[PDB]
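# An overview of the molecular structure
Now for the letters of each chain:
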Amino acid sequence: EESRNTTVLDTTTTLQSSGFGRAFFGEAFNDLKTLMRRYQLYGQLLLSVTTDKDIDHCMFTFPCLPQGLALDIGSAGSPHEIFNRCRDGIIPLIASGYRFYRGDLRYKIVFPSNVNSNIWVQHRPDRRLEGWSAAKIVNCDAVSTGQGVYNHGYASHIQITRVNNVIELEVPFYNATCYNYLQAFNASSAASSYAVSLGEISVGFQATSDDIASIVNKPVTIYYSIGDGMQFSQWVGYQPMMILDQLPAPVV
Amino acid sequence: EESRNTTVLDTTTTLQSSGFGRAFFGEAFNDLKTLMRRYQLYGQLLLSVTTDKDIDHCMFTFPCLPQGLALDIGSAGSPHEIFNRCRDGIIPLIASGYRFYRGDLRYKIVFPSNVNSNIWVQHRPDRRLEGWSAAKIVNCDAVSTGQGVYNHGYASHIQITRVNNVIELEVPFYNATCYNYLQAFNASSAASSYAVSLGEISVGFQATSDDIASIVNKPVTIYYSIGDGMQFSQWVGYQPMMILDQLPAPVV
Amino acid sequence: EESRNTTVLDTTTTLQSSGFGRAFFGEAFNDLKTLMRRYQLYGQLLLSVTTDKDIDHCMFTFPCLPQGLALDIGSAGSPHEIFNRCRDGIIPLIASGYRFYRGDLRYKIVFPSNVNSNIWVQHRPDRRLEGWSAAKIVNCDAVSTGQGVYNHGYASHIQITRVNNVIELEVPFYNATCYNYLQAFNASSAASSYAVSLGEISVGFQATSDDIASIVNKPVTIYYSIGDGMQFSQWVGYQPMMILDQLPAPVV
Amino acid sequence: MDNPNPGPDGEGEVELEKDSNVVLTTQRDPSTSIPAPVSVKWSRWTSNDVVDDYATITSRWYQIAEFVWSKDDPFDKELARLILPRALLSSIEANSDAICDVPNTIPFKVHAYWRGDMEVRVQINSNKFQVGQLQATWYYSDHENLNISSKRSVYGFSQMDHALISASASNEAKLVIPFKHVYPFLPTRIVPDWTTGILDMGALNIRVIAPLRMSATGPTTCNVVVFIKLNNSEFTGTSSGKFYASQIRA
Amino acid sequence: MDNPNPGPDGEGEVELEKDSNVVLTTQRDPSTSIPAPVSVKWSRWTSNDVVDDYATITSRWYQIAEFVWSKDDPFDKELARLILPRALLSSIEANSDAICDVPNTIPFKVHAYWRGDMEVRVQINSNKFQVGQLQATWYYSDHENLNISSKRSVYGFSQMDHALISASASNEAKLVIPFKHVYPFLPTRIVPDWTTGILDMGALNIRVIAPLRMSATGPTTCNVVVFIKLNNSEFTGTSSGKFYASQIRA
Amino acid sequence: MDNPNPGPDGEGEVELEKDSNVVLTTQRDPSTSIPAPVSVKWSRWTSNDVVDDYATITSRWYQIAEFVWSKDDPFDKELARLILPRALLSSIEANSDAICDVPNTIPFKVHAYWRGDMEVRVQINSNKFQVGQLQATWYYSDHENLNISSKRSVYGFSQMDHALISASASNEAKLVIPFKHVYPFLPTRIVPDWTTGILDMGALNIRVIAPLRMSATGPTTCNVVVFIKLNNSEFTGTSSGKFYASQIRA
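Method of determination for the deposited model, per the PDB record: cryo-EM, at 3.1 Å resolution.

Named according to the PDB entry, chain D is VP2 originating from Deformed wing virus. Listed as the entry title in the PDB record is "Structure of deformed wing virus, a honeybee pathogen".

Where the PDB entry is consulted, chain A appears under the name VP1, with the organism given as Deformed wing virus.

So, in structure tokens, the structure goes:
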């Protein structure tokens, strides 16, 4: 059995329990659900406009999942230095150790401040996630389907960039499942792909093609926490880890 | 040990007990003592007169025992077809599985109907049984001892053949033993031979030598059951059996 | 373990206990402390005067210990026949089986009867015993130290030989130890030698050099028992014994 | 305590585990490992059809794997990656006959969807002088994960709960697997919204933690046999047997 | 449960069986087999002479058979057909000395008739690694039967009650044989109405059900020793010792 | 009774013996042998200095002997004549470092006199198939006796109480040695009235009663390890560590 304990050959005395730092620091760290609610950087992108965008056209999209995105180090010339150097963060390091999840997510998208244009945000729970490839932030090209535009019935919110350039969200668990998958996802079953991400958030600017030039190559950073309903269910052990301070230094 | 029972790996449910056929046939067959009291053919003989018989001369004799006689198939030309084909019957098939017996026997000798002559029957408990050889029906020759005649003090009965040609008997346990032997008998001890048969029944006709010609080569069949006092004592397992329907058919 | 007793396969019945001879002889022999209080011959010596002895000069000395002296068989021409033939006696045969002792001793020195002179006896608890060599009766030579004379403060007694030529003693446990050593003694530690004998008894005559000639080569025999306070403490098993009636006879 | 008296009957006590008409015995106490608490029934939420567990036939034991575990198998070595709701059917189809030939699996031929628990007994028949140790680990939805090809080692399945099968003790591994899939029913056949990966709840996989060790003349091989019970089942969606296709051979 | 702690004294519990002045010990529990309930005394019916059991001497154990049981002995193999009231005397006469030399059998030299029960312990000293099995079966009056030469096999004595002596467990076979002869006394010597077959109550016979099995370097032989007690005896008919003749050698 | 069910955890119960920060375990029950009842403290009679037992450091176990016991060792064979208050120090000096380097023996470096009891565990690691037997015997003040060179055999130490270490059972020998010296304190260093034979309470000596016996391919060697606790101690006469000299090598 795993956690069996045959003969405890104890040489120790009693050690005074601090209450996971409650006695020293005034706060307990036993519950790992409340450490998961500290906001972690989810994604990081430069706004790259390809074709002439209408007011409806979504600037970028991303599938919304607590597992972390398919990790974008970046191009081999210009790497995103946090996901290159500070690999994976905390929430998929804890969600790496579980199998199922049932709950909500929070996002707090941070926009550039040079832009002024009004920003809409759609949650689209219809969208299936076709594999861990393209489980990432997609700078959208010219519109071919209803994926690429503002849509009607889905839950949206419009942040005014002139008042405050951060929209803060609560993306609900709108799946027809018991719980969703939490590791990396290869999409074996065709309906299994309805059960990975909570939905598919698309952020779009309402600017015309004359104000679209101030938008180009400005950073948009996304955060996430797990929003008080998140319950990771089945214990699955961790995979092989990589130690970060053994990564090579950029030799001059 | 024999009837030990270490680990009963039972896959069965409960089967409804019929009471050994009491529920279906209106009668129980558990007690094998009451099946032993159905009359079995004991012997079968043709009346063969050798010398000139007086009125006293016994026509035939047989030692009286529940083990069955030394089984007479017959001569190689003319076999007795029941003891040839239907080997041994029931009562020595059950008494084959025991060692000692203490009890009585019944006989029901059936006489031919062509004869009319009055028939006497002696029980002689004096007689020892000298081995399994000549533990059989003996057509008596000329008289040399008191074996060959009617005797006085022994218990007798006279069936009148004109009224009914069957005499029915109850041969009592007149031995000085605890119980008698029940398997086949080789007569090791000289007093052991006093302890096999209950006695030695002799049947004789009261006919003269002019009526003796109607007696010649008429069948006399003997039966037996075990008569309500018979108690087979020591369990001894069965010997090698022979299967009857593997006996060869008389090929034309 | 030593006195463990796994499976007593007893064929015996009950034997009537005599009480160690109490039932037959009117006395119990269970307690071996009271057999040790029968007086055993301790030493045996001929009075050999070497130099001109003053009144103070001790005639002989002996260290006083229950282990028995270093056993003097004698010279190869004239052996002391008891310690040659009757080896070791009882009290060091029982004290051979123990390690420590704490108690007193009794002596009953028997003097010759040809002498008349008054005899003094000193107990000297100061004296250390330097090894089992010279743990014996020492006929004293000319005086060099205070060992060789009568001394003041030590406990003494004067037997008048004219009244009775036997002085009877009780040599007390005057050691600074818990208990003293009881086997033969090799003197490893320098203070261990303070812990073998109870002291060192010296017997001396008060005769001048004209009466010293009647003293020469007269026997003095010493006895001992263990005097009611003797408690042998630690059980140590016996050593290799020698059987006495296998000793060779003096062939003519 | 400690009074060995063997007889003709043997020494120890034999424990049983009776089902419908299958009794299978073990001398040794099991090393049970239960990865989740027992699942609720959940036919109320997604089924109006007549639902019935066929517990007189489905809850029997059935052998689904047997394999020689030699000493030639190294340390980090798979022995059987059994996909257990599939392996009950693919073992039968590996016996070169249909699913309807076995009493345990006839409702898989008829019904469309299944939800139930699974008992697994991974029995071993090693000698007392052999030295080695297996682990039997249940992973929920192996094939819905793509980095499991790197997790699949004895260091990674020792972290989740698992059973240990020591070759010295000839130990037995009880393994109670309740139903935890994303969707509350597993289809037994090709269903409209998924066709690939049918009846795949996860993988029992049996790695080696210590290989077999012995003398030069010791017994080399070691046979391991895996039994499965399907106890708290329920089947729904009565359908034709001609829509059931054969499982993938694997 | 299951706490093995051997010491210098050994591990297990040793059980005894004390008689007059004979104690013989077995580590293992016996496989007792009792073919009949205990016999009543029956000196009231046929004896006016002074009858006394000599229980301080007759109820001792006495070795009456020892034999090597090798692996060369095949499956259906007699090992000892002991005729037990005779074999107690013929073992002594096989030791090349008289019946009056042994304390157990001096009343057979004096008295004329005997009725009593017999305890039999068929002890084995096999190794733990040897594999095989004897059966010890008591047949009442072997030599008063003529088809026993065909019954005398392991299939026929397994049907009546019997003891089993497994060579793995080094098992011991207790065997309580009460008196059931046709006549309520067995004569110890040539008596007026029978001379042949004296003091023959029946036969203990020890067949082989499984032969010894072992490795190439295993212990081949296996010694079996049979002891007999004569417990609930009684002797009657005090007679001279010069009418007692020696037993048949067999 | 007698239900063997081993698992991955093993079969039997493991007993402990915890001290300050040393736990040492034995599967087997000890063969304890206690040559004397427990000693009284006795600092009242001969010490005005500050007396304290350092039970948090002195009552730990410490290995003082390990030796291979081969089958080449004959019957009457010493294996270790340990002088136990010395052997605790001479083992450390045999490890080529000082007495002050070990926590158990720093008050011997400081204090002048010592009185205390000594626990001794003579553990063996023999195989179950090896056959042989040691005895561990404590003799009070070996070197204050000169005929001990003839007593030193297995017949002489079997008479006093002793422990037995059978190589079959892999037995352990507990040995509680209370303080019985002539003088109620043992000096740890050269003291004014004795210089020779320092800190010598007596000798644990470990003879052989049965040598190791085995097959041709059996395990030849057998390691024996001796541990010592110094439990009911007391140290008196606080002195400089520069008056402590090294022990004699022996």
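Helix and strand counts for chain D stand at three helices and eleven strands. Counting from the amino terminus, helix and strand elements in chain D follow one another as β-β-α-α-β-β-β-α-β-β-β-β-β-β. Over its C-alpha atoms chain D spans a radius of gyration of 19 Å, differing by no more than 12% from the 18 Å that the globule rule assigns to 250 residues. Along the first, second and third principal axes, the C-alpha atoms of chain D reach 60 × 45 × 35 Å. The buried share of chain D, taken over its 250 residues, is 58%. Relative to all contacts within chain D whose residues are 6 or more apart in sequence, the contacts with residues 24 or more apart total 84%. For chain D, the distance from the average position of its 23 positive side-chain charges to the average position of its 28 negative side-chain charges is 4 Å.

Turning next to the sheet that holds strand β4 (residues 118–124) of chain E. All names here are of chain E. Read from one edge of the open sheet, four strands run β1-β10-β4-β7, paired in antiparallel fashion. Of all strands in the sheet, those with a lone pairing partner are β1 (62–68) and β7 (172–177), marking the two edges. Averaged over all adjacent pairs, the angle separating strand axes in this sheet is 15°, with direction ignored. One ladder, built from six bridges, connects β4 with strand β10 (residues 223–229); its direction is antiparallel.

Here we take up the arrangement of the chains. With no contact formed, the shortest span from any C-alpha in chain A to any C-alpha in chain E equals 14 Å. There is no contact between chain B and chain F; across them, the least C-alpha separation is 14 Å.

Let's shift gears to the interface of chain A and chain D. At the interface, 31 residues of chain A touch 32 residues of chain D. Carbon and sulfur atoms supply 51% of the area that chain A and chain D bury against each other, a total of about 2,900 Å² over both sides. In this assembly, chain A and chain D are joined by 20 residue pairs in polar contact. Here the side of chain A that touches chain D is built from residues that sort into 16 nonpolar, eleven polar and four charged.

Next up on the list: the interface of chain E and chain F. Counting residues at the interface gives nine residues for chain E and 17 residues for chain F. For the pair chain E and chain F, the summed buried area comes to about 970 Å², and 53% of that belongs to carbon and sulfur atoms. When the area that chain E buries against chain F is broken down by residue, the three leading residues are E:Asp2, E:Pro6 and E:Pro8, summing to 51%. Applying the counting criterion to the chain E and chain F interface returns zero salt bridges. Taken together, the connections running from chain E to chain F amount to five residue pairs in polar contact.

Our next topic: the packing of aromatic side chains. Within the structure shown, the criterion is met by 72 aromatic pairs over all chains. With a centroid separation of 6.1 Å and an interplanar angle of 50°, the aromatic rings of B:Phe24 and B:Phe25 are classed as tilted. Given a relative accessible area of 67%, B:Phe24 falls into the exposed group. Each residue in the set A:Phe100, A:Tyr179, A:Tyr181, A:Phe185, D:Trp138 and D:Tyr140 is aromatic and connected to the rest through ring pairs, giving one cluster. The residue whose ring lies beneath A:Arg128 is A:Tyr194, and the NZ or CZ to ring-centre distance is 5.1 Å.

With that settled, consider a nonpolar patch on the surface. On the surface, a nonpolar cluster with roughly 740 Å² of combined accessible area is contributed by C:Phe20, C:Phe24, C:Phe25, C:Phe29, C:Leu32, C:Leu35 and C:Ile90. With respect to the helices, strands and loops of the structure, C:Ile90 is situated in the loop between α2 (81–85) and α3 (91–94).

Rules used throughout
Residues numbered from 1 in each chain as written, not as in the entry; some residues may be left out. Chains lettered and ligands numbered in written order. Part of a larger assembly, values for the part shown. Heavy atoms only, no water. Helix = DSSP H or I, 4+ residues; strand = E, 2+ residues; numbered from the N terminus. Rg over C-alpha atoms; globule rule 2.2 N^0.38 Å. Buried < 20%, exposed > 50% of the residue type's maximum accessible area, 1.4 Å probe, protein only. Contact = heavy atoms within 4.5 Å. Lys, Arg positive; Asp, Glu negative; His and termini not counted. Charge placed at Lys NZ, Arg CZ, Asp CG, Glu CD. Pairing = 2+ DSSP bridges. Axes fitted to C-alpha atoms, helices over the stretch in contact; angles between N-to-C directions. Buried area = accessible area lost by both parts, 1.4 Å probe. Polar contact = N/O pair within 3.5 Å; in protein donor to acceptor, adjacent residues only side chain to side chain. Nonpolar A, V, L, I, M, F, W, Y, C, P; charged D, E, K, R; others polar. Salt bridge = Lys/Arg side-chain N within 4 Å of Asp/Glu carboxyl O. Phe/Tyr/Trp six-rings, centres within 6.5 Å; stacked < 30°, edge-to-face > 60°. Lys NZ or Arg CZ within 6 Å of the ring centre and 35° of its normal. Patch = residues over 30% accessible without salt bridge, like charges linked within 9 Å, V, L, I, M, F, W, Y side chains within 5 Å. Areas by Shrake-Rupley, 256 points an atom, 1.4 Å probe, with all protein chains shown as cover.

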